[PDB]
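Below is one structure, written out as structure tokens; comments come after it.
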RNA sequence: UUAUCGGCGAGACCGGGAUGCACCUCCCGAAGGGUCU
């Protein structure tokens, strides 16, 4: 329970991204990050802590975390 | 993060030759002097 505001996160890719069929969801990245932060791999507690930093759609059952989208500049494109 | 895992690596001389030198005066003028046992 914390005031959540829509934010866009953009990062500089340093190495190739390997997509496992489904585009990587930022909710998964944050789940792994919390699993590192909270020394526990139990999905329940990591999810409960993830809901505290991410807005969760109860009616839809997902986190408000868009999938990966490649930011391409006029210099470098998707390769 | 659609799973679980994986050093890319090992060997090599790049070196062998050459004068950069050949010609020029920098000189032309002046009083530093005068005051005190």
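Residue numbers (my numbering): 377 to 455. Idealized CB from N, CA, C, for every residue including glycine.
What is the C-beta distance between residue i and residue j, in whole angstroms, given that I count them as a contact (C-beta under 8 Å)?
i, j, result
"residue 413", "residue 444", "Their Cβ separation, rounded to whole angstroms, is 21 Å, which puts residue 413 and residue 444 out of contact at 8 Å."
"residue 436", "residue 380", "Not confirmed; about 15 Å, so no contact."
"residue 422", "residue 407", "6 Å"
Can you check whether the CB of residue j is closer than 9 Å to the CB of residue i?
i, j, result
"residue 425", "residue 402", "no"
"residue 405", "residue 447", "no"
"residue 390", "residue 429", "no"
"residue 392", "residue 453", "no"
Would you list the residues sitting across from residue i in a DSSP beta bridge?
i, result
"residue 443", "401"
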